[PDB]
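J.: 3D, please:
(2 chains)
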Amino acid sequence: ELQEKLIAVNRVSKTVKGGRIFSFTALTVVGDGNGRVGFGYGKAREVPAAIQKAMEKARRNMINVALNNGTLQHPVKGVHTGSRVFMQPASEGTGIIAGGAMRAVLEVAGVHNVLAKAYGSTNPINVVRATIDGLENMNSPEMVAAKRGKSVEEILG
Amino acid sequence: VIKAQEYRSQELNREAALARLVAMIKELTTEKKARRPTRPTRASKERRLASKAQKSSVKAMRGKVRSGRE
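T.: Residues are numbered from 1 along each chain as shown, chains lettered A, B, ... in the order given. Let me share the structure:
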């Protein structure tokens, strides 16, 4: 019903007077496979608790993507914090040609065919945020034909 | 082959020649004390091992937190 994916689990440290307090940050994407995708960061003292927090945050921070039969509507960029993501639609047999932390986002979002490329920093949190930024930057032909008062055929004709 | 002519007196010159001979033989036959090679101090060896073990623990904590308990 709602596909969930754990991209990364990190061990962070706090350094208190006694010593180091090691914590775990998760990072997950959830998505219905049909253009709804969200990500949750989540963090806790233990890894399964961090993962549960991340999943519960992703379930409620989901956005809508207008995608065209399992691929993008047009080439799109998605910058976030030094991470620059470039995604681009592909024919219906290409598969998800995307790096780490883009692959999971697109797979749970339902983009089956995409030619993506990550530039700059490939830090997974920012890459996920950048992928989602690009996916919501994407416009559908009906959205464009609504913005410019015009028929969908008059636009894509 | 020594030539001693510092003095107007042959006896002074003869003793000066013998003195030069003795001084030269001494300086040429005195043996340089041998230099035995030294090792790193065991304190430094333990320092090396301790730094290695500390970085070992830090690298074990760093990086990949895979298994995921999931």
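J.: Now do the SS call for residue A:57.
T.: Classification of residue A:57 using DSSP: H, G, I helix; E, B strand; the rest coil returns helix.
J.: which residues sit in contact with the closest residue to it other than its chain neighbours?
T.: Distances taken as C-beta to C-beta, 6 or more residues apart in numbering or on different chains put residue A:40 closest to residue A:57, at 3.1 Å, once the chain neighbours are dropped. The C-beta positions use only the backbone N, C-alpha and C, and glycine is treated the same way. Residue A:40 makes contact with A:26-30, A:53-59, A:61, according to C-beta atoms under 8 Å, 6 or more residues apart in numbering or on different chains.
J.: what does chain A put close to chain B?
T.: Near chain B, the residues belonging to chain A are A:6, A:9-11, A:13, A:22, A:24, A:46-48, A:51 when assessed by C-beta under 8 Å from any C-beta of the partner chain.
J.: redo that, cut-off 6 Å
T.: A:9, A:11, A:47-48, A:51 (C-beta under 6 Å from any C-beta of the partner chain).
J.: Give me the helices and strands touching the longest helix anywhere in chain A, please.
T.: Longest helix in chain A, counting residues (DSSP state H): helix A:124-137. Packing contacts for helix A:124-137, counted by 3 or more C-beta pairs under 6 Å, 6 or more residues apart in numbering or on different chains; DSSP states H and E, involve strand A:76-77, strand A:83-87.
J.: Is it possible to get CSV of those strands that adds mean neighbour count?
T.: Listed next are the helices and strands packed on helix A:124-137 as CSV, based on neighbours: other C-beta atoms under 10 Å in any protein chain shown:
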stretch, mean neighbour count
strand A:76-77, 18
strand A:83-87, 24
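J.: re the thing from before, list buried residues within the residues of chain A next to chain B.
T.: Among the residues of chain A next to chain B, those buried by neighbour count (16 or more other C-beta atoms under 10 Å in any protein chain shown) are A:9, A:47, A:51.
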